[PDB]
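Residues per chain are reported as follows:
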Amino acid sequence: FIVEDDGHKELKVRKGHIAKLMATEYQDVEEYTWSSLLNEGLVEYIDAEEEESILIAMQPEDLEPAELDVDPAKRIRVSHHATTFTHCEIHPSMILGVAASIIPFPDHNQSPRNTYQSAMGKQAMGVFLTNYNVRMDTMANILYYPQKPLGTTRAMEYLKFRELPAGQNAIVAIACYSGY
Amino acid sequence: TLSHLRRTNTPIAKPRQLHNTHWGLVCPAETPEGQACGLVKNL
Amino acid sequence: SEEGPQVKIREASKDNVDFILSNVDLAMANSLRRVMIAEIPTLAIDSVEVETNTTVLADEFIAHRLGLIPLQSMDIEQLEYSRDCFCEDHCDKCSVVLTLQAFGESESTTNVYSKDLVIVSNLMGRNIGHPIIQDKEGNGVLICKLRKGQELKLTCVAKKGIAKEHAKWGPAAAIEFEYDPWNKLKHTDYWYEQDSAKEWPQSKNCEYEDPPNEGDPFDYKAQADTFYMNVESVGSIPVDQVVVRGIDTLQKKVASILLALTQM
Amino acid sequence: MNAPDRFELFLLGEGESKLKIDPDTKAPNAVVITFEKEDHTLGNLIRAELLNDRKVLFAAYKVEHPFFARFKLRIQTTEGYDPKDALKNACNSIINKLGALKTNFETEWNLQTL
Amino acid sequence: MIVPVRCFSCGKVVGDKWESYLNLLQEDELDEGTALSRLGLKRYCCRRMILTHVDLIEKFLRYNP
Amino acid sequence: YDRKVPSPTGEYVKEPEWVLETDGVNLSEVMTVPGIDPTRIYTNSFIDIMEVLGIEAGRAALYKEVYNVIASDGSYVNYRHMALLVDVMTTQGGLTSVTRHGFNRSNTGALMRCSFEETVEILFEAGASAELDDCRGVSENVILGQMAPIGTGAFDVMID
Amino acid sequence: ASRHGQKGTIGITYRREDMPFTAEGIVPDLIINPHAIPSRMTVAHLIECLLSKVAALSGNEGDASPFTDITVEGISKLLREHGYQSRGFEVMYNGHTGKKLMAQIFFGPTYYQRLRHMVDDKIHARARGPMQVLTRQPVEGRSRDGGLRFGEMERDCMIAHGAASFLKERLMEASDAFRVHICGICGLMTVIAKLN
Amino acid sequence: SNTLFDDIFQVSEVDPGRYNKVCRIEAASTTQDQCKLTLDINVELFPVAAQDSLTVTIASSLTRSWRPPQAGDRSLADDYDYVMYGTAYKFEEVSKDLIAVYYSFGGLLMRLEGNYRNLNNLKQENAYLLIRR
Amino acid sequence: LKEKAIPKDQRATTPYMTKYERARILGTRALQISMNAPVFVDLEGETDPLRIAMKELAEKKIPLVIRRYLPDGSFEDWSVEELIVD
Amino acid sequence: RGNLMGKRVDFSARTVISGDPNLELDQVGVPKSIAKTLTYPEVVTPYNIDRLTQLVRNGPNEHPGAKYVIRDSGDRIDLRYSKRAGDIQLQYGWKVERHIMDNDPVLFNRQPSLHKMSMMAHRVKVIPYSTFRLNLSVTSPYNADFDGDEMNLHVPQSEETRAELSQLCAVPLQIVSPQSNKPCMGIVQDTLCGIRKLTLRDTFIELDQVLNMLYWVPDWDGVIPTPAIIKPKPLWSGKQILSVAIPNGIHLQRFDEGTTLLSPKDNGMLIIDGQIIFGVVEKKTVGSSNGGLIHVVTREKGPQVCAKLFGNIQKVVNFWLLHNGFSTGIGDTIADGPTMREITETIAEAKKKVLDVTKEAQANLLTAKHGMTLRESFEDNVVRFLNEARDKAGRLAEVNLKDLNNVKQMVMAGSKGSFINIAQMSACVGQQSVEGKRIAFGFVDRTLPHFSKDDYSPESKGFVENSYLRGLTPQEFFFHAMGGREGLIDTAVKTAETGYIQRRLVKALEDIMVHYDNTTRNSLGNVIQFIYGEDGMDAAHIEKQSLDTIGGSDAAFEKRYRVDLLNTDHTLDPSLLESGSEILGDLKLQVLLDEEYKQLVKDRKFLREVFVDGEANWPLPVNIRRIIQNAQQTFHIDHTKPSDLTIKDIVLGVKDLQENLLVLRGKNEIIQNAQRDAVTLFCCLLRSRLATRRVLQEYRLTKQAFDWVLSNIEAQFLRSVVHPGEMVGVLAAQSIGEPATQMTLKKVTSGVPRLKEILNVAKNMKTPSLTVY
RNA sequence: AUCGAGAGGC
Ligand SMILES: [Mg+2]
Ligand SMILES: [Zn+2]
Ligand SMILES: [Zn+2]
Ligand SMILES: [Zn+2]
């Protein structure tokens, strides 16, 4: 995203533009595009060298002026404490990989285990494509009854993982039974 | 298949270590295990 | 009524029965429920020979599904096990043969239901092998979906079976067991952050029994003979018949032990 | 591949004696009975009824491995009481209780209207 | 690829319920939980077998051969 | 250091001792200065300790350093194993590295040296040297396929 | 393996009657050990079980998306509305005994993925097998039906054990045993020997 | 044969401890200055009070398998509420002519003071502890 | 060096059999039992060659010579009956 | 190198391993298909023709079968193809390749071969399923886990080879490690957890469960234990059934913390004759380490008894644990709200202190540590503040967490769990470290492009206030990812370095064995050690013991060890010795006592010289204390009766015992001197352990009990001496190697890089350092 | 065969 002075510095995008994006999205009239957002100048493409000169905020909500009881369970977030922000990151989760986007809660878990799961998910069985029965691949493994995961990342809809799941939502008990 | 289609390979002064420059462009945690860890990354 | 264990049924249904067992050792109750899961004999398809497979689902997949489909087994005790029978592969006394051939002329995908599926072998005057459909539409469980221009032809040989041998032959899906709902026996110790009463909800079975007064000491001698159980039926065998057959099959195992002792 | 078929666990084979009786060593009235193709279900009930009997000093049920459905019961009785006699009385008592429960449930179900 | 016949934990048949459940949620705009309650799949394992399942059979049907 | 010394009574008491730690080591100059006990001073590098104090002091320092490596993890290895390694380097008058040069130069054997590294160069120099192998070594006997005179093979068995 | 770090091979398959059962009667399709979890420090597996239970009863998909503010207390409160325990510990009874387990046991819906590795493809055993000609050694791989490599590290372990005969058999009789004839006067195997 | 020792003890304090089922018992001999006692008791099996006088007895009897009690053959070894069987972990002397006796029954521990009962206490491991209300 | 006999009186070696020595003696005797060579000791209830070799060793019936070797090459010969087993 | 050192081997198999509790530790579960594949040649013998003919008739597919029959002529007979297989007769001298059968020796090995313990011989058991089966304890020497680890089995092909694996490579023999003087294998995971939960005094066992557990022990006395509680209800302690598991005649006393004999905390253990008097079983009693119950049982009863004990404890504890159950759960990670607020204020106060130190740095009014750059000192202080904050938050969480929650239950049992684990999940992950530094500014003056320039605050530098439960900020997650990435790179690097090291050590030390003279020599014969371990003794059987003369007051040592027959106070009390009335005066016996006291004084001075620390406990050949305890129970010693033993006889017997133990045989003056040197410390320990006053006072000792103690000490020392022909060098190389693999890496070269520099004589030092005294 | 790539278990 791009953040420039409105007045009070504001993210360049606006709710009405998001509403036009949603209007183009439900249609599957005026057509509103990501390329159209770039031509509008609401969003810019940043290289690492360009990244050094910018100041960016993770949350659009952080930018709006802040001047309250807080639930203990929510993670402690350091106040941004910065008056100038050239841009705002679209979402933190976008830093992640596709395999990381598959991982349920990398935020609540230790990163090496997330790395191991990112490696393991490629090994995990699933339906790779619908053309498989037509296709003649040297080795193919396809689950009998693939089940979409109960807890899904938002990014998964762009991953099509819910559409083509690679796991079963097994009922799991954590217990010691006969030492196996 | 999607992850394989987006791969980076660096043929080989601390390449393996995750870089602040890597933020927002490369996955923080996806790398081949053991040998060549961080040499190959996913975007 | 009869001396010994006495059962008062709270609720009745064709699918499920809710009862209270009194003057019962818990060992026998758990043994009974495990018998109902496992020992009760029921007939589901053991052999599937498919003539044509145009549909995308593979034959192994379809055959597993067909084995899962419920088949009526009230007279299954009249039926003799195929291993116990004399015929080399199948006879009418031991096996019931169900044939199904479906082709979809409709451009819309044609369903393949359990109600479609028909019996070749003679009934011999017993209520065996009829697929059970509880659906309001009467449509059977859908084995497959057929694109236009696809035909599937199969023969099924359904034999008497044991749930310990395969899960399809089990008559009952869920048995609900409750004992010591007030935790007077204190067989379990609760995990509570502040208070156990808040952490764990009270049971309905808990409110049936009287509440423990806080002043009375725990009695070591008491062993709970009162249990709250519910049984849910697939419908291959009616609920009351499933529980009676559990009792009878446990009796049969005990009697087998006794006769083996006499032979020894 | 390697695994044994489920029916073999279900039913006896190779002329297996359903019950094998071996005198326990170092105990006068104790005996080990091997039940083959039998499960925890029957064993716990036999043991519970043996424990109910005053004469039997010891009764315990053990399975050597979950893979194989072999169940071993050891019975230690009062002197002058056959361990087999105790086992038979316990089994018969089990049967009487089961029959009484089935009659009570049948009467109750006939009373039940649905 | 197809609706499972039974919940794997219970063994209760769930194949008959799937088509009617899809209808129910369509006609009443029902939240999935209420439709499952109408189905009678109170146990969350039968509920998982219905909700988590996706019919990939339609995609195979779309293929002409 | 907070070290511990016998008390006048005899019980082990602890007295703090001031100690200096130096980034560099010039031990020959360092020992010959006022205000230091020459005996107590130690250098973390065993090589300076060996040059200053002889080979046995260097061996003791080497064992101490290996002991520090094992102790930092909290792991313990019995003194004889670490000792045997240190003694192996120490028995030759000059300290001998575990790496190929130190281990290979020892004129003992031919196929152990070739088995570690530079197999073919060692065989070439051995052919030029006309080295005759005793074949007593474990490795050489493994190449030979004969049973090594090791463990069970060490003692011959004869009729009574 | 779970969608989190921890992976496992199945050591045994248990029938439903044997498995511990709740009052609802739900039997876990899978049982995992409690001990691995603390060392792995994967809280999210636990959180996923809780959220999936809440979602299964609610009929609404649970969002696990990272960096989204969630209350484990909130999810536990929804579970409380359902009546299931906020921690998700479920009172279970052991199958064989029918006795209530003294400790309530965590019971959840967890996504699990079948790994590509399966035993039957891995298991290879050879008593006698094909031999590569030049080495006279065994061939390599299960498809070759070849014998497994004896490690030099393994050889050192055996020398430490001190058993010379086992090493001699594995080193010659099990692999590339050979008979040669050599002349003493040559010092080299120049001799060519016709036994007939 | 006969009870080794008999005493009446008044318990000054009962400590719940880390264990809920088992609480510790600190008591002094009633009317006697020399005996002190520390006991490990199960409050669920026996109600205990912060102040209470409980009759305390130790008996050698009343390689044998424990026989389940049949009311006919069983002569009550005691009307005492609590009976435990223990093996002494240590016999020591706090001061000369002041013997201290330590008895552990199923990992539940016992401490006694005094000399006048040292002849009553024996090296023999077997002991039966008897608490009367 | 050659015929480097070590005197029977003037022997310095552990009286106790080395565990490797006992293992090798048992293996050789068990080969002889597998070879069906006659076994001096009476055999009750065991077919296995190793059990027979162990029973012969406990009886000390096995006649064999274990020759302890030295770096110099001088050889000490100890009869299996002589070496202590513990 | 590739072929001769390492060969593809016939009769080799490999499978995924899953562990089995009901399978004994010694045996390996072997798949029926693998057992069918693998053949052992057996020559036909009059006792074996009957069973072998039946096996040949059974055929290749049947498990008790044969694949091939070898004629005396030797032409191969393939059973499956030949028409003869039905009608064969086995003439004498004809080999038959038996199918691998139960209770046959094989070699089970994990491919990382850091240790001879990692490849050990196991008895064949035949299992129906395909996965190799193993016990849970035997996992630890193998360093294998059930998550897809694959293990290799090799079959002996001759009777001598089977004999070697059974007599030396067996699991019970390798239970006690030569190195680290500790048993390799201990009770692990649920069993261990369960055992503590069984041993709590609150835990009590009901008679049905008591009988079933008694039955569960494979060998049971048949005598029901007398109930711990009788009158209210028949109750049995979990320690009581556990005692039924413990072998009779075993005594263990240990106090982890100072234990009153009353033991209200139940810390420590006392066990007598296999019956546990007091304590809750923890890891160290049941762990691999020395002083564990495994070590004591292995030495006293032999190895097989120890392995069976392993099995029995596993069975009983697993049955109990299944009845109680276990579950980690979310709530264990969850902590109370008030404690959480105290955690947050801890983080806040640490943040304020960091800001104050930063402000002082900005003011340039600063104190510089000598030789540290001012930024270096500031960085060190801030890092230390963050570390203390994390640890303090973890400690508050630990106090908050109940005894009941299962994570703490695992920690108390010693199951998987760490204080850092609890701290990071509960309160605060901590500050991420890359290259021994706080998170660097990859962007100029910015750690992250969101973070402002020139910010040295912990949030910029990557300290994670949030816990794993709390959820992490995206910046926190990225910093944690960098730290974990460096960790994984370091792990793989460590593996490669350690493998090369271990190979170098093994190749260097492979030649050296203990020869018959006890000199450790290579093949050429250069003596690395004149006596192995500088004591001429085996690494095994040595356990650390306290030497009494070292330490303590000199006057106190006099009071304990000095009896002077002439002075009335000095003289042994007549109640202690019958000879006491005659021992007053008796000046010749008194000069012998003076001689023993002078020798003890010389020994004390010598020990004071060996260790300036003079720490009491060092590895020692024979544990005298165990022998004394076994004597007291064996001889039923009563403290009242005066000792039968003559004082002169005690002193002379101790000297005779010193004369009895010879590391090296024969009488040569150099050999005699080396022998006195070898047994100098052992004799010092023995003189301290058997003082005439101590023999008479500390324990009453009948004369026969003292003679038995002497004979047992002699036998134990002789057993402890190193066996000639043992390959010391390979074992030593592996001994450094396996910890080195396990090794994980104010500033000095440390860990694996330090070990690198030590192992190769290095001209350079990354951190030279001279200590100035 | 040869070479390469990928994966597993640390
Ligand atoms: Mg693993
Ligand atoms: Zn028939
Ligand atoms: Zn269900
Ligand atoms: Zn020639």
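The following refers to the structure shown.

**Here's the deal with the overall build of chain D**
Part 1: Helix and strand counts for chain D come out as three helices and four strands.
Part 2: Listed by position from the N terminus, the elements making up chain D come as α-β-β-α-β-β-α.
Part 3: Expected size for 114 residues packed as a compact globule is a radius of gyration near 13 Å; at 17 Å, chain D overshoots this value by more than 25%.
Part 4: Projecting the C-alpha coordinates of chain D onto the three principal axes gives extents of approximately 55 × 50 × 20 Å.
Part 5: Residues classed as buried in chain D amount to 55% of the 114 residues present.
Part 6: Summed over all atoms, the accessible surface of chain D reaches about 5200 Å², with 53% contributed by carbon and sulfur.
Part 7: Separation of charge centres in chain D, based on 16 positive and 17 negative side chains, amounts to 4 Å.

**Thoughts on the coordination of the zinc ion (ligand 4)**
Part 1: The protein atoms that coordinate the zinc ion (ligand 4) are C183(G) (SG) and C186(G) (SG), at distances of 2.3 Å.
Part 2: Since its relative accessible area comes to 36%, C186(G) is described here as partly exposed.

**Brief notes about the interface of chain G and chain J**
Part 1: Contact with chain G, which involves 73 residues of that partner, is made by 93 residues of chain J.
Part 2: Interface area for chain G against chain J, summed over the two sides, is near 7000 Å², with a carbon-plus-sulfur share of 60%.
Part 3: Looking only at chain G, the three residues that lose the most surface to chain J are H35(G), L148(G) and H161(G), adding up to 11% of its buried area.
Part 4: At the surface where chain G touches chain J, the tally comes to seven salt bridges.
Part 5: We note a salt bridge from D10(J) to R128(G), for which the minimum N-O separation is 3.0 Å.
Part 6: There are 45 residue pairs in polar contact connecting chain G and chain J.
Part 7: Those elements giving two or more residues to the side of chain G that touches chain J turn out to be α1 (36–40), α2 (43–58), α3 (72–82), β6 (105–112), α4 (119–122), β7 (124–126), α5 (152–161) and α6 (164–173) of chain G.
Part 8: The element contributing the most residues to the side of chain G that touches chain J is α5(G), with 10 residues.
Part 9: Summarising the sheet, β7(G) and strand β1 (residues 12–19) of chain J pair through three bridges and their orientation is antiparallel.

**Quick word on the coordination of the zinc ion (ligand 2)**
Residue and element names in this part refer to chain C.
Part 1: Taken together, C85 (SG), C87 (SG), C91 (SG) and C94 (SG) make up the protein donors of the zinc ion (ligand 2), found 2.3 Å from the metal.
Part 2: Of note is the zinc ion (ligand 2), whose four donor atoms meet at the metal with angles of 97 to 124° in an arrangement that counts as tetrahedral.
Part 3: Read in sequence order, the donor residues for the zinc ion (ligand 2) give the motif C-x1-C-x3-C-x2-C.
Part 4: You can call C85 buried: its relative accessible area is 14%.
Part 5: Looking at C87, the relative accessible area reads 21%, which means it is partly exposed.

**A word on the state of the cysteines**
All names here are of chain B.
Part 1: The final tally for this structure, using the stated rule, is zero disulfides over all chains.
Part 2: The thiol sulfur of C27 is not disulfide-bonded, and the nearest other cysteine sulfur, from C37, lies at 12 Å.
Part 3: A relative accessible area of 1% places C27 in the buried class.

**What to know about the sheet that holds strand β6 (residues 98–105) of chain H**
Residues and elements named next belong to chain H.
Part 1: The strand order β1-β2-β3-β7-β6-β5-β8-β4 describes a closed barrel built from eight strands, whose pairing is antiparallel. Mean inter-strand twist for the sheet, computed between neighbouring axes without regard to direction, equals 35°.
Part 2: By the bridge criterion, six bridges tie strand β1 (residues 3–15) to strand β2 (residues 22–29) in an arrangement that is antiparallel. Bridging across to β2, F9 finds its partner in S29.

**Details of the packing of helix α22 (residues 647–660) of chain J against helix α24 (residues 680–689) of chain J**
Residues and elements named next belong to chain J.
Part 1: Where α22 meets α24, the axes come as close as 11 Å, and the angle between the chain directions of the two elements is 160°. Comparing their axes, α24 and α22 come out roughly antiparallel. The two elements α22 and α24 meet at a crossing, and its hand is right-handed. Of α24, the residues touching α22 (which contributes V654, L657 and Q658) are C683, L686 and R687.

**So, the packing of aromatic side chains**
For any pair of aromatic rings, the description rests on two quantities: the centre-to-centre distance and the angle between the ring planes.
Part 1: Considering all chains together, one arrives at 49 aromatic pairs over all chains under this definition.
Part 2: Ring centres 5.7 Å apart and planes at 80° place the aromatic pair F58(D) and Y215(J) in the edge-to-face group. One end of the pair, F58(D), is in strand β3 (residues 58–63); the other, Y215(J), is in helix α6 (residues 207–216), on a second chain.
Part 3: Exposure remark for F58(D): the relative accessible area of 0% places this residue in the buried category.

**Things to note about the protein's contact with RNA strand K**
Part 1: Taken together, the residues surrounding RNA strand K are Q123(A), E33(B), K7(G), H117(G), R14(J), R110(J), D147(J) and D149(J).
Part 2: Separating a phosphate oxygen of RNA strand K from a side-chain N or O atom of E33(B) is a distance of 3.2 Å.
Part 3: Within the side chain of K7(G), a nitrogen or oxygen atom sits 2.8 Å from a sugar or linking oxygen of RNA strand K.
Part 4: Looking at the surface near RNA strand K residue by residue, the classes come out as no nonpolar, two polar and six charged.

**Things to note about the side chain of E89(A)**
Part 1: Residue placement: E89(A) occurs in the loop between β4 (87–88) and α5 (98–102).
Part 2: Salt bridges are absent for the buried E89(A), whose nearest opposite-charge side chain, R446(J), sits at 9.6 Å.
Part 3: Only 2.3 Å separates the side chain of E89(A) from the side chain of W23(B), close enough to count as a polar contact.
Part 4: Only 2.7 Å separates the side chain of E89(A) from the side chain of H450(J), close enough to count as a polar contact.
Part 5: Ignoring sequence-local partners within four residues, the contact set of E89(A) consists of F1(A), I56(A), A57(A), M58(A), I95(A), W23(B) and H450(J).

**Description of the pattern of salt bridges**
Part 1: Applying the stated criterion across every chain, the model contains 129 salt bridges over all chains.
Part 2: The closest approach of N and O atoms between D147(J) and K7(G), which form a salt bridge, is 3.6 Å. Residue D147(J) is found in the loop between α3 (139–142) and β10 (150–154), and its partner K7(G) is found in the segment before β1 (21–22); the two belong to separate chains.
Part 3: For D147(J), a relative accessible area of 23% puts it in the partly exposed group.
Part 4: The shortest N-O distance in the salt bridge between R201(J) and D266(J) comes to 2.7 Å. Highlighted residues: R201(J) in the loop between α5 (189–199) and β11 (204–205) and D266(J) in the loop between β13 (252–254) and β14 (269–272), separated in sequence by 65 residues.

**Focus on the environment of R75(A)**
Part 1: Here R75(A) is to be found in the loop between α4 (60–63) and β4.
Part 2: Distance in space between the C-alpha atoms of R75(A) and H108(A) is 9.9 Å, their sequence separation being 33 residues.
Part 3: Once residues lying within four places of it in the same chain are set aside, the contact partners of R75(A) are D107(A), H108(A), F67(G), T68(G), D69(G), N466(J), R470(J), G471(J) and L472(J).
Part 4: Engagement of the side chain of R75(A) in a polar contact is seen with the backbone oxygen of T68(G), the distance being 2.6 Å.

**Thoughts on empty space enclosed by the protein**
Part 1: By volume, the largest cavity is sized at about 150 Å³.
Part 2: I195(J), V281(J), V286(J), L293(J) and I313(J) are the residues nearest the centre of the largest cavity, which is lined by 16 residues in total.
Part 3: Mapped by element, the contributors of at least two residues to the lining of the largest cavity are β14, α8 (283–286), α9 (293–301) and α10 (303–324) of chain J.
Part 4: Broken down by element, the lining of the largest cavity gets its largest block of residues, three residues, from α10(J).
Part 5: Residues that form the lining of the largest cavity fall into these classes: 15 nonpolar, one polar and no charged.
Part 6: Each pocket or cavity is described by its volume, and for the second largest cavity that value is around 130 Å³.
Part 7: Along the walls of the second largest cavity sit 16 residues, with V142(F), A148(F), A164(G), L167(G) and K168(G) positioned nearest its centre.

**Things to note about the interface of chain C and chain D**
Part 1: Taken together, the contact between chain C and chain D spans 44 residues of the former and 36 residues of the latter.
Part 2: Around 3800 Å² of area is buried between chain C and chain D when both sides are counted, 69% of it from carbon and sulfur atoms.
Part 3: Area buried by chain C at its contact with chain D is led by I9(C), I257(C) and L261(C), which between them contribute 15% of it.
Part 4: Counting the contacts that link chain C with chain D gives three salt bridges.
Part 5: A salt bridge links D39(D) to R34(C), with the nearest nitrogen and oxygen atoms 3.6 Å apart.

Cut-offs and rules
- Per the conventions used, each chain is numbered from 1 along its written sequence, independently of whether this matches the entry, and residues without coordinates are not displayed.
- The order in which chains are written sets their letters, starting at A; the order in which ligands are written sets their numbers, starting at 1.
- Within a larger assembly, only the chains shown are considered here, and all values are given for them alone.
- In computing side-chain properties, one takes all heavy atoms of the structure into account and sets aside hydrogens as well as water.
- Residues with missing side-chain atoms are left out of burial classes, side-chain pairs and their counts.
- Only runs of H or I of at least four residues qualify as helices and only runs of E of at least two qualify as strands under DSSP, and these elements are numbered from the N terminus.
- Radius of gyration: over C-alpha atoms. The globule rule applied is 2.2 Å multiplied by the number of residues raised to the 0.38 power.
- Partly exposed describes any residue whose relative accessible area lies between the buried limit of under 20% and the exposed limit of over 50%, with all areas from a 1.4 Å probe on protein chains only and scaled to the type maximum.
- Values of accessible area rely on a 1.4 Å probe in the Shrake-Rupley scheme; residue burial ignores everything except the protein chains shown.
- Charge convention: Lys and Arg are scored as positive, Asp and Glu as negative, and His as well as the terminal groups of each chain are ignored.
- One atom stands in for each charge, and that atom is NZ of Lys, CZ of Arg, CG of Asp or CD of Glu.
- Sodium, potassium and calcium take a 3.2 Å donor cutoff, other metals 2.8 Å, and in both cases only N, O and S atoms count; water is not among them, so sites may look incomplete.
- We call two residues in contact when some of their heavy atoms are within 4.5 Å.
- The buried area of a pairing is the accessible area, by a 1.4 Å probe, that goes missing from both parts when the two are put together, added over both.
- Here, a salt bridge means any side-chain nitrogen of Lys or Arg that lies within 4 Å of a carboxyl oxygen of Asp or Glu.
- We define a polar contact as two N or O atoms separated by no more than 3.5 Å, with the added condition that, inside protein, one atom must be a possible hydrogen donor and the other a possible acceptor, whereas residues neighbouring each other in sequence contribute only through side-chain atom pairs.
- Paired strands are those between which DSSP finds at least two bridges.
- Every geometry call rests on angle ranges, with four donors termed tetrahedral when all angles are between 85 and 135 degrees, four termed square planar and six termed octahedral when opposite donors are over 155 degrees apart and all others are between 65 and 115, and everything else termed irregular.
- Pairs of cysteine sulfur atoms within 2.5 Å are identified as disulfides in what follows.
- Lines are fitted to the C-alpha atoms to define the axes, a helix being fitted only along its stretch in contact, and any angle between axes, read from their N-to-C directions, falls within 0 to 180 degrees.
- Under this scheme an angle from 65 to 115 degrees is roughly perpendicular, one under 35 degrees roughly parallel, and one over 145 degrees roughly antiparallel; angles in between are oblique.
- Put simply, a crossing is left-handed when the front helix is turned counterclockwise from the back one by less than a right angle, and right-handed when it is turned clockwise.
- Two rings belonging to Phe, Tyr or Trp (six-membered ring only in the last case) form a pair when the distance between their centres is within 6.5 Å. Interplanar angles under 30 degrees mark stacking, angles over 60 mark edge-to-face geometry, and anything in between is tilted.
- One heavy atom within 4 Å of a molecule or strand is enough for the residue carrying it to be called near that molecule or strand.
- In this count, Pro and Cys sit with the nonpolar residues alongside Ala, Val, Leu, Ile, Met, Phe, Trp and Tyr, while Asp, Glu, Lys and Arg are called charged and the others, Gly among them, polar.
- Grid spacing is 1 Å over the protein atoms alone, the probe is 1.4 Å, and a cavity is where that probe fits but cannot get out, while a pocket is an open set with protein on both sides within 12 Å along at least five of seven lines and lining residues have an atom within 4 Å of a point.
- Grid points are joined across faces, edges and corners, and a volume is the space filled by probe spheres set on the points.

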